[PDB]
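A.B. asks: Structure below; questions to follow.
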Amino acid sequence: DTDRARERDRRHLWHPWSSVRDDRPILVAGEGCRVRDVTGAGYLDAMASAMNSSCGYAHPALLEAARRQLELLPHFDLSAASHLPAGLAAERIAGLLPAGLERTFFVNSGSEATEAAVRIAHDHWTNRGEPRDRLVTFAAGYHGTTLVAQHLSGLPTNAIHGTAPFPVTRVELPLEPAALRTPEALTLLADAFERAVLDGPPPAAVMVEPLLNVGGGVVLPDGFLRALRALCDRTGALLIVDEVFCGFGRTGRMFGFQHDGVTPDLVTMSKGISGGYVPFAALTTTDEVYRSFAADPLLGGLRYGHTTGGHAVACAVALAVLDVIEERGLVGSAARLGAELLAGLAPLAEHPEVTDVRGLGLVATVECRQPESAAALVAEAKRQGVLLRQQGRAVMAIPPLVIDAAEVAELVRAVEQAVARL
Amino acid sequence: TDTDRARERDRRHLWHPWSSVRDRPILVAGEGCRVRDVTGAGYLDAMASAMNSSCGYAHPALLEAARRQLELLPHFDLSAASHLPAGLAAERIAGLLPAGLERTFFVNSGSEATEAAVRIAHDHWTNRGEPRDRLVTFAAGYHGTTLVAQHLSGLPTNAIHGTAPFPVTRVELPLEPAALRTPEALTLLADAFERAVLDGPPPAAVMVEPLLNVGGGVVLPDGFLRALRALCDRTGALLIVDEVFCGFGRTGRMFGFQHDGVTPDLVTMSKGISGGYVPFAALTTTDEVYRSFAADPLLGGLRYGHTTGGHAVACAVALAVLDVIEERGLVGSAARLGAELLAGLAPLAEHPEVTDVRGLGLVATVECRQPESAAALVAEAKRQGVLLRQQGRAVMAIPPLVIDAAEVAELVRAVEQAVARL
Ligand SMILES: Cc1ncc(COP(=O)(O)O)c(CN)c1O
Ligand SMILES: Cc1ncc(COP(=O)(O)O)c(CN)c1O
Ligand SMILES: [K+]
Ligand SMILES: [K+]
Ligand SMILES: [K+]
């Protein structure tokens, strides 16, 4: 059986983001923040399954919501019909966002949310009789895996397989991530984005994460998004914030953008929204953007949509996730336990192979000098009983939001033990 | 007042897919082939929820499979780990496909499957040291809603929001769909695709559906895919068959391409694979294509992947779907009952307003002379208690594969009554 399982994987399964050339762990069961492999070895899962297990494994509220809705109605095509969970989820998600962010479109993944967002930005300007094709982004940003999503990024492995479908101006970090959390760095960042925005005709949108995930758990200086909000007002560009990773408590606020206290024009969301239990993603925008689509000549609406976008089970699970977050105070717990986590790890920056320790809420990153060190850190933490996420030179701790104080201490100890062996 | 509140929150907060900005039934529960709205009215659901409920609503085997896996492990990141459902599903899907199709990549939607398939096609040629950028498609084809997927289509509402990321040669239908089922139509289609393939440097791939869904339930003549197989074999282009709609029994074979009896180089799948119960999609290709990715200079593998691609609950549900399809013989049932459905509808072509009646298995279409007639037909059928899908001029019946002879007769009677009132 173990022979056969390894063999069917080797022969038939194509893994994402992996080389064709140690065996991978086979995970089989989880409970709370712990997960177990096929040999019975147990681990604290400090990568939250796929950076999205906001409520941990086998959460009874999420399980029951899924079961109830699956039995009733898994979905129905929302193009010419509706269902009750889509209405509830659309209302509830709008309710968590600033005034004016009221209109929610559902898709399956963060990449599809990016696809819809970029279409909405371009088409909005067409609808207004003033076409704009250009977007401004971070070079170190990651917005998904489809051609349009990858085109927004300047990360080397995101090189696209065609030619550019529209112009993008990708802003490089003006300092190393370790030095980005100062007032001096805010000035450099704001001015770099001002130059990018004013380089040629006004852009359709500026699209950024509030904390860069795949780009290395990069924490931005206070005021950066506020500076972008001002730039967008001056130029007309839509401010799009990608909350796919930061959304729903990850950083110790309901959304990453709330640390700066800005109101975006469009927000994308996925990951923690459904606890990872059903594929689900969403975007929310303004009534002005929405209503502009009455000018679309071909349909009189947005020419976008997926078969399972707005899946009823996904919507029902998301509502249960939001109930758990609110009932248990997971946003506040993430802030408080997050502070403990970061404080526990911070002294490891004294180690010669550790360049920086940085984070916000329940994302924390140990940046090593080389990827080789990062891989060795991750391997030793695994030996200590803790699963972490490697991202090039960065090692990231991204636990379920239901993590407790004892488990945070265990996480810190494992990372200390790993750094000692570097 | 509950229903009023529901309609109001939808109107205020929900952005529907593929819809005009400027009312809709609210479906609340289903069982087998029947669904009920919020007012209590019941219908035979002859659009299978979202053209994807292969096993109908509240199927106990699928419900149990979802419950069991959700409780164990909803997913884990497949980039550097594995889980047992992904290995099982990869093997099982490959086993249903012809010899040589062995390597399966998982994504959430048909649109993502197209994104991955086009990247694979382009990157495969780069890996070989002979870059090829061009694809050949049907202008009336539909492959999804993201920019790349829309670019493959020539349908007017799929106009993209940027410029072409690669060249596409889109073949127009040489005859109306009603005249496309003959040996003369085969000659015209084969010759048109030959001209497209030989127009300029050899293409990377030829990508087609085996029966055009969104293009109007268009049935292609016997031998068309065999002609494309020879053209791909002549020029080296990859033969990509889009089975997102036709896959898993819909046309009375396990795959739509099996009517012609060809071996594609890559097949995309979604819809019926998970019964609609969890968002799920897949693609399967050859070892020749797979192993070429060792030459990728940035990763040594395919630079693609989604957070929830290979979702364990989705995989476990797909395994249960395949068990139901096989145990119940739904492929052959769809062939036989589908032939009875088409034979029941066929005399309606005598009506002045009906220009064709066409189908294969459990997709059947009544083509009207104008969209207004099609809309009227759908509306009267709904009054008779049957839900059908409008696709421009085309009215489509796409029931769950578990439909029985009595329900087929109900379906035929509703459509007869509808056509009588045109
Ligand atoms: C900020 C951000 N945006 C978009 C995505 C893409 O989401 P998916 O993998 O669900 O397509 C990710 C995935 N890591 C992300 O971190
Ligand atoms: C043949 C075909 N390919 C791809 C897609 C796109 O799939 P999705 O809606 O799941 O993105 C569809 C959707 N109708 C389809 O019919
Ligand atoms: K709001
Ligand atoms: K095979
Ligand atoms: K006629």
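As shown in the structure tokens, the chain order sets the letters A, B, ...; within each chain, residues go from 1, and ligands are also counted from 1 in the order they appear.
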Residues within 8 Å of ligand 2, counting only C-alpha atoms and all ligand atoms: report them as a ChimeraX atom specification.
C.D. replies: /A:305-309 /B:51,108-114,141-146,149,209,212-214,242-246,268-271,279,281
A.B. asks: To check your reading of the model: which residues sit at most 6 Å from ligand 5 when counting only C-alpha atoms and all ligand atoms? Write the answer as a ChimeraX atom specification.
C.D. replies: /B:349-355
A.B. asks: Could you save the residues just selected, with N, CA and C atoms, as a compact mmCIF listing (two decimals), in the first residue's frame?
C.D. replies:
```
# COMPACT_ATOMS: atom_id res chain seq x y z
N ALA B 349 -38.38 20.03 -35.41
CA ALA B 349 -37.75 20.72 -36.53
C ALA B 349 -38.72 21.08 -37.66
N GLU B 350 -39.90 20.46 -37.69
CA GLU B 350 -40.96 20.85 -38.64
C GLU B 350 -41.54 22.23 -38.36
N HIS B 351 -41.50 22.68 -37.11
CA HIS B 351 -42.01 24.00 -36.74
C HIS B 351 -41.24 25.12 -37.49
N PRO B 352 -41.94 26.17 -37.98
CA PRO B 352 -41.26 27.23 -38.76
C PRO B 352 -40.12 27.96 -38.04
N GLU B 353 -40.31 28.19 -36.75
CA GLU B 353 -39.33 28.81 -35.86
C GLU B 353 -38.15 27.93 -35.41
N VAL B 354 -38.19 26.63 -35.65
CA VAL B 354 -37.07 25.73 -35.25
C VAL B 354 -36.19 25.39 -36.44
N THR B 355 -34.92 25.78 -36.40
CA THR B 355 -34.03 25.51 -37.51
C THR B 355 -33.22 24.22 -37.40
```
A.B. asks: CA of residue 148 (chain A) to atom 2 (C, counted along the ligand's line) of ligand 1: how many Å, to one decimal?
C.D. replies: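 Atom-to-atom, CA of residue 148 (chain A) to atom 2 (C, counted along the ligand's line) of ligand 1, that is 13.2 Å.
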A.B. asks: For a quick check of understanding, using only C-alpha atoms, which of B:58, B:396, B:241, B:422 has the smallest distance to chain A?
C.D. replies: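 The answer is B:58, which sits nearest to chain A.
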A.B. asks: Write out as a PyMOL selection string all residues of region 121-271 of chain A that backbone DSSP assigns to strand (DSSP E or B).
C.D. replies: chain A and resi 135-138+168-171+205-208+211-212+218-219+238-242+266-269
A.B. asks: Got a sec: who's within 9 Å of region 73-87 of chain A, counting only C-alpha atoms, leaving out chain neighbours fewer than 2 positions off, as JSON, numbers by chain?
C.D. replies: {"A": [68, 69, 70, 71, 89, 90, 91, 92, 106, 305, 307, 308, 309, 310, 311, 312, 313, 314, 315, 316, 319], "B": [6, 7, 8, 9, 10, 11, 12, 13, 14, 16, 17, 18, 19, 23, 24, 25, 26, 27, 28, 29, 30, 31, 35, 37, 38, 48, 49, 50, 51, 57, 58, 276, 277, 278]}
A.B. asks: I need the residues from that last selection saved to file as a short mmCIF file (atom, residue, chain, number, x, y, z; two decimals), in the first residue's frame (with C-alpha atoms), if you can.
C.D. replies:
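That gives us again28.cif:
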```cif
data_model
loop_
_atom_site.label_atom_id
_atom_site.label_comp_id
_atom_site.auth_asym_id
_atom_site.auth_seq_id
_atom_site.Cartn_x
_atom_site.Cartn_y
_atom_site.Cartn_z
CA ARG A 68 -25.55 21.00 5.55
CA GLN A 69 -25.11 22.93 2.33
CA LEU A 70 -23.75 19.99 0.28
CA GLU A 71 -26.88 18.06 1.14
CA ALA A 89 -21.67 35.81 1.67
CA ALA A 90 -21.72 38.85 -0.67
CA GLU A 91 -23.43 40.93 2.05
CA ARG A 92 -21.25 39.68 4.88
CA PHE A 106 -17.07 35.23 -6.59
CA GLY A 305 -17.44 34.27 -14.92
CA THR A 307 -18.99 27.62 -13.76
CA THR A 308 -18.46 27.19 -10.02
CA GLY A 309 -17.94 30.88 -9.14
CA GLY A 310 -20.13 31.52 -6.11
CA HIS A 311 -20.22 27.79 -5.17
CA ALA A 312 -22.88 27.47 -2.43
CA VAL A 313 -20.89 25.12 -0.21
CA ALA A 314 -17.89 27.45 -0.40
CA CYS A 315 -20.15 30.40 0.53
CA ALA A 316 -21.70 28.47 3.48
CA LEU A 319 -19.93 32.27 6.57
CA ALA B 6 -32.88 37.69 0.16
CA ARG B 7 -33.72 39.40 -3.15
CA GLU B 8 -32.65 42.77 -1.72
CA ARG B 9 -29.25 41.57 -0.44
CA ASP B 10 -28.62 39.92 -3.84
CA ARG B 11 -29.60 43.11 -5.70
CA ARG B 12 -27.42 45.21 -3.43
CA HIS B 13 -24.28 43.11 -2.96
CA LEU B 14 -23.98 40.19 -5.42
CA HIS B 16 -23.55 37.84 -11.11
CA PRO B 17 -21.33 36.25 -13.80
CA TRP B 18 -22.00 36.83 -17.51
CA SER B 19 -24.93 39.16 -16.80
CA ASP B 23 -36.15 38.56 -11.92
CA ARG B 24 -33.96 35.51 -11.17
CA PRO B 25 -35.21 32.32 -9.53
CA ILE B 26 -33.62 31.50 -6.14
CA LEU B 27 -32.90 27.77 -5.94
CA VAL B 28 -32.73 26.34 -2.41
CA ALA B 29 -32.65 22.54 -2.46
CA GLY B 30 -32.44 19.60 -4.79
CA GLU B 31 -32.78 15.84 -4.89
CA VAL B 35 -34.62 21.29 -7.72
CA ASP B 37 -37.02 27.38 -5.58
CA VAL B 38 -37.54 29.69 -2.58
CA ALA B 48 -27.72 19.91 -14.23
CA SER B 49 -27.16 22.90 -11.91
CA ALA B 50 -24.24 24.42 -13.83
CA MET B 51 -23.97 21.85 -16.66
CA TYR B 57 -28.35 16.41 -6.22
CA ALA B 58 -27.93 14.90 -2.75
CA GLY B 276 -20.29 20.02 -9.21
CA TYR B 277 -19.98 19.21 -5.49
CA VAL B 278 -16.48 20.73 -5.11
#
```
A.B. asks: Enumerate as a PDB file with N, CA and C atoms, in the first residue's frame the residues within 7 Å of ligand 4, counting only C-alpha atoms and all ligand atoms.
C.D. replies:
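To be explicit, this is the file written out as part.pdb:
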```pdb
ATOM      1  N   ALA B  94      -6.033   9.015 -15.479  1.00  0.00           N
ATOM      2  CA  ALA B  94      -5.168   8.449 -16.509  1.00  0.00           C
ATOM      3  C   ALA B  94      -5.682   7.088 -16.995  1.00  0.00           C
ATOM      4  N   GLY B  95      -6.162   6.225 -16.096  1.00  0.00           N
ATOM      5  CA  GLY B  95      -6.633   4.909 -16.501  1.00  0.00           C
ATOM      6  C   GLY B  95      -7.857   4.920 -17.414  1.00  0.00           C
ATOM      7  N   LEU B  96      -8.644   5.987 -17.346  1.00  0.00           N
ATOM      8  CA  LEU B  96      -9.814   6.145 -18.231  1.00  0.00           C
ATOM      9  C   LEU B  96      -9.459   6.675 -19.631  1.00  0.00           C
ATOM     10  N   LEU B  97      -8.275   7.233 -19.760  1.00  0.00           N
ATOM     11  CA  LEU B  97      -7.816   7.852 -20.996  1.00  0.00           C
ATOM     12  C   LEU B  97      -6.971   6.899 -21.822  1.00  0.00           C
ATOM     13  N   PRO B  98      -6.813   7.185 -23.127  1.00  0.00           N
ATOM     14  CA  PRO B  98      -6.051   6.250 -23.951  1.00  0.00           C
ATOM     15  C   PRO B  98      -4.582   6.098 -23.597  1.00  0.00           C
ATOM     16  N   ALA B  99      -4.011   5.003 -24.078  1.00  0.00           N
ATOM     17  CA  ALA B  99      -2.606   4.701 -23.866  1.00  0.00           C
ATOM     18  C   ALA B  99      -1.701   5.860 -24.216  1.00  0.00           C
ATOM     19  N   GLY B 100      -0.843   6.197 -23.257  1.00  0.00           N
ATOM     20  CA  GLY B 100       0.089   7.302 -23.397  1.00  0.00           C
ATOM     21  C   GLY B 100      -0.285   8.534 -22.608  1.00  0.00           C
ATOM     22  N   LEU B 101      -1.577   8.699 -22.303  1.00  0.00           N
ATOM     23  CA  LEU B 101      -2.022   9.829 -21.475  1.00  0.00           C
ATOM     24  C   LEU B 101      -1.936   9.384 -20.045  1.00  0.00           C
ATOM     25  N   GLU B 102      -0.930   9.854 -19.335  1.00  0.00           N
ATOM     26  CA  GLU B 102      -0.559   9.264 -18.042  1.00  0.00           C
ATOM     27  C   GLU B 102      -0.295  10.245 -16.919  1.00  0.00           C
TER      28      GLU B 102
END
```
A.B. asks: At a cut-off of 12 Å, can you tabulate as JSON lines every residue of chain A near ligand 3 together with its closest atom pair and the distance in Å to one decimal, using only C-alpha atoms and all ligand atoms and ordering rows by chain then number?
C.D. replies:
```
{"residue": "A:90", "atom": "CA", "partner": "ligand 3", "partner_atom_place_in_ligand_line": "1 (K)", "distance": 10.3}
{"residue": "A:91", "atom": "CA", "partner": "ligand 3", "partner_atom_place_in_ligand_line": "1 (K)", "distance": 8.6}
{"residue": "A:92", "atom": "CA", "partner": "ligand 3", "partner_atom_place_in_ligand_line": "1 (K)", "distance": 8.9}
{"residue": "A:93", "atom": "CA", "partner": "ligand 3", "partner_atom_place_in_ligand_line": "1 (K)", "distance": 7.8}
{"residue": "A:94", "atom": "CA", "partner": "ligand 3", "partner_atom_place_in_ligand_line": "1 (K)", "distance": 4.4}
{"residue": "A:95", "atom": "CA", "partner": "ligand 3", "partner_atom_place_in_ligand_line": "1 (K)", "distance": 4.7}
{"residue": "A:96", "atom": "CA", "partner": "ligand 3", "partner_atom_place_in_ligand_line": "1 (K)", "distance": 6.2}
{"residue": "A:97", "atom": "CA", "partner": "ligand 3", "partner_atom_place_in_ligand_line": "1 (K)", "distance": 4.4}
{"residue": "A:98", "atom": "CA", "partner": "ligand 3", "partner_atom_place_in_ligand_line": "1 (K)", "distance": 4.5}
{"residue": "A:99", "atom": "CA", "partner": "ligand 3", "partner_atom_place_in_ligand_line": "1 (K)", "distance": 4.1}
{"residue": "A:100", "atom": "CA", "partner": "ligand 3", "partner_atom_place_in_ligand_line": "1 (K)", "distance": 5.3}
{"residue": "A:101", "atom": "CA", "partner": "ligand 3", "partner_atom_place_in_ligand_line": "1 (K)", "distance": 4.4}
{"residue": "A:102", "atom": "CA", "partner": "ligand 3", "partner_atom_place_in_ligand_line": "1 (K)", "distance": 4.9}
{"residue": "A:103", "atom": "CA", "partner": "ligand 3", "partner_atom_place_in_ligand_line": "1 (K)", "distance": 8.5}
{"residue": "A:104", "atom": "CA", "partner": "ligand 3", "partner_atom_place_in_ligand_line": "1 (K)", "distance": 10.1}
{"residue": "A:263", "atom": "CA", "partner": "ligand 3", "partner_atom_place_in_ligand_line": "1 (K)", "distance": 9.8}
{"residue": "A:264", "atom": "CA", "partner": "ligand 3", "partner_atom_place_in_ligand_line": "1 (K)", "distance": 10.9}
{"residue": "A:265", "atom": "CA", "partner": "ligand 3", "partner_atom_place_in_ligand_line": "1 (K)", "distance": 11.1}
{"residue": "A:266", "atom": "CA", "partner": "ligand 3", "partner_atom_place_in_ligand_line": "1 (K)", "distance": 11.2}
{"residue": "A:267", "atom": "CA", "partner": "ligand 3", "partner_atom_place_in_ligand_line": "1 (K)", "distance": 11.1}
{"residue": "A:284", "atom": "CA", "partner": "ligand 3", "partner_atom_place_in_ligand_line": "1 (K)", "distance": 8.8}
{"residue": "A:285", "atom": "CA", "partner": "ligand 3", "partner_atom_place_in_ligand_line": "1 (K)", "distance": 9.1}
{"residue": "A:286", "atom": "CA", "partner": "ligand 3", "partner_atom_place_in_ligand_line": "1 (K)", "distance": 8.9}
{"residue": "A:287", "atom": "CA", "partner": "ligand 3", "partner_atom_place_in_ligand_line": "1 (K)", "distance": 10.7}
```
A.B. asks: Kindly assemble as a tab-separated table a list of the chain A residues that lie within 8 Å of ligand 1, each paired with its nearest atom pair and their distance in Å to one decimal, using only C-alpha atoms and all ligand atoms, sorted first by chain and then by ascending residue number.
C.D. replies:
```
residue	atom	partner	partner_atom_place_in_ligand_line	distance
A:51	CA	ligand 1	14 (N)	7.9
A:108	CA	ligand 1	10 (O)	7.4
A:109	CA	ligand 1	10 (O)	3.8
A:110	CA	ligand 1	7 (O)	3.3
A:111	CA	ligand 1	11 (O)	3.6
A:112	CA	ligand 1	11 (O)	6.4
A:113	CA	ligand 1	4 (C)	7.6
A:114	CA	ligand 1	4 (C)	6.8
A:141	CA	ligand 1	1 (C)	7.5
A:142	CA	ligand 1	2 (C)	5.5
A:143	CA	ligand 1	4 (C)	3.7
A:144	CA	ligand 1	6 (C)	3.5
A:145	CA	ligand 1	11 (O)	6.0
A:146	CA	ligand 1	11 (O)	7.7
A:149	CA	ligand 1	4 (C)	7.8
A:209	CA	ligand 1	1 (C)	5.9
A:212	CA	ligand 1	1 (C)	7.1
A:213	CA	ligand 1	16 (O)	5.5
A:214	CA	ligand 1	16 (O)	6.0
A:242	CA	ligand 1	1 (C)	5.5
A:243	CA	ligand 1	1 (C)	6.1
A:244	CA	ligand 1	2 (C)	4.7
A:245	CA	ligand 1	16 (O)	4.7
A:246	CA	ligand 1	1 (C)	7.4
A:268	CA	ligand 1	3 (N)	7.9
A:269	CA	ligand 1	3 (N)	7.9
A:270	CA	ligand 1	10 (O)	6.4
A:271	CA	ligand 1	10 (O)	6.8
A:279	CA	ligand 1	10 (O)	8.0
A:281	CA	ligand 1	10 (O)	7.4
```
A.B. asks: Take the selection from the previous step and output its residues with N, CA, C and O atoms, as a short mmCIF file (atom, residue, chain, number, x, y, z; two decimals), in the first residue's frame.
C.D. replies:
```cif
data_model
loop_
_atom_site.label_atom_id
_atom_site.label_comp_id
_atom_site.auth_asym_id
_atom_site.auth_seq_id
_atom_site.Cartn_x
_atom_site.Cartn_y
_atom_site.Cartn_z
N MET A 51 -1.18 27.63 3.54
CA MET A 51 -1.22 29.02 4.00
C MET A 51 -2.64 29.57 4.09
O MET A 51 -2.86 30.77 3.96
N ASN A 108 -13.00 31.02 -7.97
CA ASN A 108 -12.48 29.84 -7.26
C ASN A 108 -11.14 30.07 -6.60
O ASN A 108 -10.89 29.49 -5.57
N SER A 109 -10.26 30.87 -7.21
CA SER A 109 -8.88 31.01 -6.75
C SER A 109 -8.46 32.47 -6.71
O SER A 109 -9.07 33.34 -7.31
N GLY A 110 -7.33 32.70 -6.03
CA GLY A 110 -6.75 34.04 -6.02
C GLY A 110 -6.29 34.49 -7.41
O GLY A 110 -6.39 35.67 -7.75
N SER A 111 -5.85 33.54 -8.24
CA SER A 111 -5.44 33.86 -9.62
C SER A 111 -6.63 34.31 -10.44
O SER A 111 -6.52 35.29 -11.21
N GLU A 112 -7.77 33.63 -10.30
CA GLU A 112 -8.98 34.07 -11.00
C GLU A 112 -9.44 35.45 -10.48
O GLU A 112 -9.94 36.28 -11.23
N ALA A 113 -9.28 35.69 -9.18
CA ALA A 113 -9.61 37.00 -8.62
C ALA A 113 -8.75 38.09 -9.25
O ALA A 113 -9.26 39.16 -9.58
N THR A 114 -7.47 37.81 -9.43
CA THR A 114 -6.59 38.73 -10.17
C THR A 114 -7.05 38.93 -11.62
O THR A 114 -7.15 40.06 -12.12
N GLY A 141 6.00 41.42 -6.15
CA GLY A 141 4.62 41.02 -5.89
C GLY A 141 4.29 39.69 -6.53
O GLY A 141 4.92 39.27 -7.51
N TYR A 142 3.32 38.99 -5.94
CA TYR A 142 2.80 37.75 -6.54
C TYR A 142 1.29 37.80 -6.46
O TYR A 142 0.73 38.07 -5.40
N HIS A 143 0.65 37.57 -7.61
CA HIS A 143 -0.79 37.73 -7.73
C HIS A 143 -1.46 36.51 -8.34
O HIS A 143 -2.64 36.56 -8.66
N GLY A 144 -0.72 35.42 -8.46
CA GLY A 144 -1.25 34.19 -9.06
C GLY A 144 -0.46 33.67 -10.22
O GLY A 144 0.61 34.18 -10.59
N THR A 145 -1.01 32.61 -10.83
CA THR A 145 -0.25 31.73 -11.70
C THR A 145 -0.69 31.73 -13.17
O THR A 145 -0.05 31.11 -14.00
N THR A 146 -1.80 32.42 -13.49
CA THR A 146 -2.27 32.53 -14.86
C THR A 146 -1.41 33.57 -15.60
O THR A 146 -0.58 34.27 -14.97
N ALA A 149 -1.91 37.10 -14.30
CA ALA A 149 -1.42 37.23 -12.92
C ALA A 149 0.11 37.23 -12.87
O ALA A 149 0.70 38.04 -12.13
N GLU A 209 -0.02 44.05 -2.77
CA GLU A 209 -0.26 43.37 -1.50
C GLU A 209 0.11 44.34 -0.37
O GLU A 209 1.03 45.15 -0.55
N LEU A 212 4.14 41.61 1.46
CA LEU A 212 4.46 40.76 0.30
C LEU A 212 4.68 39.33 0.80
O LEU A 212 5.58 39.07 1.58
N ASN A 213 3.86 38.40 0.32
CA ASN A 213 3.93 37.00 0.75
C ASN A 213 5.03 36.24 0.01
O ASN A 213 6.15 36.05 0.53
N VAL A 214 4.76 35.83 -1.24
CA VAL A 214 5.74 35.05 -2.02
C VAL A 214 7.07 35.80 -2.23
O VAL A 214 8.13 35.19 -2.29
N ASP A 242 -4.48 43.47 -2.98
CA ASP A 242 -4.50 42.01 -3.01
C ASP A 242 -4.41 41.51 -1.56
O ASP A 242 -3.33 41.48 -0.97
N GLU A 243 -5.57 41.09 -1.02
CA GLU A 243 -5.69 40.50 0.32
C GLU A 243 -5.81 38.96 0.27
O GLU A 243 -6.26 38.34 1.23
N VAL A 244 -5.41 38.36 -0.85
CA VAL A 244 -5.50 36.89 -0.98
C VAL A 244 -4.78 36.15 0.18
O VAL A 244 -5.35 35.21 0.77
N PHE A 245 -3.59 36.62 0.57
CA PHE A 245 -2.84 36.03 1.68
C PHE A 245 -3.21 36.70 3.02
O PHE A 245 -3.40 36.01 4.01
N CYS A 246 -3.29 38.02 3.05
CA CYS A 246 -3.44 38.74 4.34
C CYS A 246 -4.85 38.77 4.89
O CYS A 246 -5.04 39.10 6.06
N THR A 268 -9.14 42.01 -3.52
CA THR A 268 -9.20 40.55 -3.80
C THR A 268 -8.91 39.71 -2.54
O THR A 268 -8.12 40.11 -1.67
N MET A 269 -9.54 38.53 -2.46
CA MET A 269 -9.54 37.69 -1.27
C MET A 269 -9.59 36.21 -1.67
O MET A 269 -10.20 35.88 -2.68
N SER A 270 -8.96 35.37 -0.88
CA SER A 270 -9.05 33.90 -1.05
C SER A 270 -8.48 33.29 0.24
O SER A 270 -8.68 33.86 1.31
N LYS A 271 -7.77 32.16 0.15
CA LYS A 271 -7.12 31.50 1.29
C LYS A 271 -7.99 31.31 2.55
O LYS A 271 -8.91 30.47 2.53
N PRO A 279 -12.35 25.27 -2.27
CA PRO A 279 -11.79 26.37 -3.08
C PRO A 279 -12.74 27.55 -3.20
O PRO A 279 -13.89 27.36 -3.53
N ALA A 281 -12.80 32.19 -3.63
CA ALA A 281 -12.13 33.47 -3.73
C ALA A 281 -13.18 34.52 -4.06
O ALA A 281 -14.29 34.21 -4.50
#
```
A.B. asks: Calculate how many Å separate CA of residue 186 (chain B) from CA of residue 252 (chain B), rounding to one decimal.
C.D. replies: 21.4 Å
A.B. asks: Tell me, as a count of residues only, which residues lie within 8 Å of residue 181 (chain A), counting only C-alpha atoms; anything in the same chain fewer than 3 positions away does not count.
C.D. replies: 8
A.B. asks: Taking the DSSP assignment computed from this structure's backbone, write out as a PyMOL selection string all residues of region 29-118 of chain B that belong to helix (DSSP H, G or I).
C.D. replies: chain B and resi 48-51+60-72+84-96+110-118
A.B. asks: Skipping near chain neighbours, those fewer than 6 positions away, what residues fall within 8 Å of residue 65 (chain B) using only C-alpha atoms, listed as an NGL selection string?
C.D. replies: :B and (313 or 316-317 or 320)
A.B. asks: When you look at residue 36 (chain A) with a cut-off of 12 Å (counting only C-alpha atoms), what residues show up, excluding the ones that are within fewer than 3 positions of it in the same chain? I need them as an MDAnalysis selection string.
C.D. replies: (chainID A and resid 25:33 39:45 49 57 385:387) or (chainID B and resid 72:73 76 83)
A.B. asks: Skipping near chain neighbours, those fewer than 3 positions away, what residues fall within 12 Å of residue 239 (chain A) using only C-alpha atoms, listed as a ChimeraX atom specification?
C.D. replies: /A:117-118,121,135-137,197,203-210,225-236,242,257,262-268,285-286
A.B. asks: Rounded to one decimal place, report the CA of residue 20 (chain A)-CA of residue 7 (chain A) distance in Å.
C.D. replies: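 We find that CA of residue 20 (chain A) and CA of residue 7 (chain A) lie 15.0 Å from each other.
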